[PDB]
Amino acid sequence: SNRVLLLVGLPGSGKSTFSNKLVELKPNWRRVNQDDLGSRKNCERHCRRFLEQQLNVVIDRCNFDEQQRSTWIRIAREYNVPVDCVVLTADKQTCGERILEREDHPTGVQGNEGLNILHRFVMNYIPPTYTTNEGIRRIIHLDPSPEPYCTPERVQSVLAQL
Ligand SMILES: Nc1nc2c(ncn2[C@@H]2O[C@H](COP(=O)(O)OP(=O)(O)O)[C@@H](O)[C@H]2O)c(=O)[nH]1
Ligand SMILES: [Mg+2]
């Protein structure tokens, strides 16, 4: 049956990379991203509309602590569907290098922001684990690929683990 999929990762970890590919390859999947959907109230609505059509839904947000993820777990329970999770394991170094690549942040005294931003997220980042009392069915950790782009095989490999 259909299921809700939580992406969890630092800025620049590759969450959009992955979720975009998934929805491209699989038409029974939809993607909730705030850069495309705006407010959270709006994201919740879309999420509800997709579950109403028994579609799978993937949540492209840092989802950096229990509170952030609950929103979606809560909606999933509403439609009696499970919630799995994909944690991107890319480290502060990797993300930092990716964020510099984009060169769209102020830079100089008071630091290069974006590295700052990353640092702020890092300090509030609580990924799901065995112990957190959240009601997630399965947590899979995903390591970075050599390739900047996400292969169909990579998507398949992830989905194959529930
Ligand atoms: N090598 C490698 N680069 C990746 C991977 N995932 C994403 N990237 C790159 O990292 C950058 C940030 O990815 P993006 O999806 O925007 O990150 P998000 O901010 O977590 O949604 C982009 O340049 C991607 O090409 C991965 O698995 N491996
Ligand atoms: Mg993104």
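Residues numbered from 1 in each chain as written, not as in the entry; some residues may be left out. Chains lettered and ligands numbered in written order. Heavy atoms only, no water. Residues with missing side-chain atoms left out of burial classes, pairs and counts.

Listed as the method for this PDB entry is X-ray crystallography; the listed resolution is 2.70 Å.

### What about the overall build of the chain?
Counting secondary structure elements, the chain contains seven helices and five strands. Seen in sequence order, the chain has helices and strands lined up from the N terminus as β-α-β-α-α-β-α-β-α-α-β-α. Here the C-alpha atoms of the chain give a radius of gyration of 16 Å, agreeing with the 15 Å that 2.2 N^0.38 yields for 162 residues. Projected onto its principal axes, the C-alpha positions of the chain cover 50 × 30 × 30 Å. For the chain, the share of sequence-separated contacts (at least 6 apart) that also reach a separation of at least 24 residues comes to 74%. (Helix = DSSP H or I, 4+ residues; strand = E, 2+ residues; numbered from the N terminus. Rg over C-alpha atoms; globule rule 2.2 N^0.38 Å. Contact = heavy atoms within 4.5 Å.)

### A closer look at the packing of helix α3 (residues 40–52) against helix α4 (residues 66–78)
In contact at an axis separation of 11 Å, α3 and α4 are set at 30° when each is read in the N-to-C sense. In terms of orientation, α3 lies roughly parallel with respect to α4. Crossing of α3 over α4 shows right-handed handedness. Across the interface between the two elements, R40, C43, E44, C47, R48 and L51 of α3 pack against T71, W72, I75 and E78 of α4. Residue classes in the contact of α3 with α4 are distributed as five nonpolar, one polar and four charged. (Axes fitted to C-alpha atoms, helices over the stretch in contact; angles between N-to-C directions. Parallel < 35°, antiparallel > 145°, perpendicular 65-115°, else oblique. Left-handed = near helix turned anticlockwise from the far one by under 90°. Nonpolar A, V, L, I, M, F, W, Y, C, P; charged D, E, K, R; others polar.)

### Focus: the environment of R77
Along the chain, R77 falls in helix α4. Considering only alpha carbons, one finds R77 and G135, 58 residues apart in sequence, at a separation of 9.7 Å. Not counting the four nearest positions on each side in its chain, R77 is found in contact with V83, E134 and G135.

### A few points about the packing of helix α1 (residues 15–25) against helix α7 (residues 152–159)
Taken N-terminus to C-terminus, the directions of α1 and α7 make an angle of 90°; their axes are 10 Å apart at the nearest point. On the basis of their axis angle, the class for α1 and α7 is roughly perpendicular. Along its contact with α1, which presents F18, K21, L22 and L25, the element α7 presents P152, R154, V155, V158 and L159. Tallied by class, the residues present in the contact of α1 with α7 amount to seven nonpolar, no polar and two charged.

### Structural notes on the site of ligand 1
Of all residues adjacent to ligand 1, which total 14 residues, the nearest are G14, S16, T17, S145 and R154. At 2.9 Å, a backbone N or O of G14 approaches an oxygen atom of ligand 1. Here an oxygen atom of ligand 1 and a side-chain polar atom of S16 are 2.7 Å apart. Within the complex, the protein chains bury 72% of what would otherwise be the 590 Å² of accessible surface of ligand 1. It is α1 that contributes the most residues to the shell around ligand 1, three residues altogether. Looking at side-chain class alone, the shell around ligand 1 contains four nonpolar, six polar and four charged residues. (Near = heavy atom within 4 Å. Polar contact = N/O pair within 3.5 Å; in protein donor to acceptor, adjacent residues only side chain to side chain. Areas by Shrake-Rupley, 256 points an atom, 1.4 Å probe, with all protein chains shown as cover.)

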